[PDB]
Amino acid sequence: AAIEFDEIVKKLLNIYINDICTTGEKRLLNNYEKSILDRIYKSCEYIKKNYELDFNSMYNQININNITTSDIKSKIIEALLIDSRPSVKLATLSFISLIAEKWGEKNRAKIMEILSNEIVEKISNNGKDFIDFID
C-alpha cells in the first residue's frame, strides 16, 4: 500500500534499540565503572576539540573510497604498534570517536569493526595505566 515510510521506520528502530542496549549496559556498571566511563567521555571530547584540525586531516586520509576496513584499521593502529603510552592510546581512541561521530549514515558495524579485536585489545593492555592517566 503506502511504502514511502518503510525505510524511515527501519532506520529509527535500529537507532532506538541500539540506544536501549547501551542503557541496559550502563545500568549494570557499578559506580566506579560509571566514573571511569565519564572520564573517557570527557577526555575524548577535550582531545577532539583541541586537536580538531589534526584529526580532520587524519580523517580525510581514511575517508577516501579506495580503502577497506582492514586498511583503515592498519593505518590507525600503526602508532600503537610501536608506541603504547597512554597519551597515544587516548589520541587513538579520540580519533576513533571522531570517526564514529562522522559516519552516522554508515552501518554501525563499519565503525565497530575498526575498534573491535586488535585495537581495543591494544588499548586495554595495561588498562590500569590508561585509567590512571585519565583519572
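Note that residue numbering begins at 1 and tracks the sequence as displayed.
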Which of 22-30 and 102-110 has higher mean CA B factor, as the PDB entry lists it: 102-110
Residue stretch of maximal mean CA temperature factor, 64-72 vs 90-98: 64-72
Largest Cα B-factor, entry values, listed residues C44, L37, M58, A79: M58
Modelled-residue ranking by C-alpha temperature factor, third containing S124: middle
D132 CA temperature factor, ranked by third within the chain: middle
B-factor third for the C-alpha atom of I17 within its chain: lowest
Third of the chain's Cα B-factor distribution that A1 belongs to, per the entry: highest
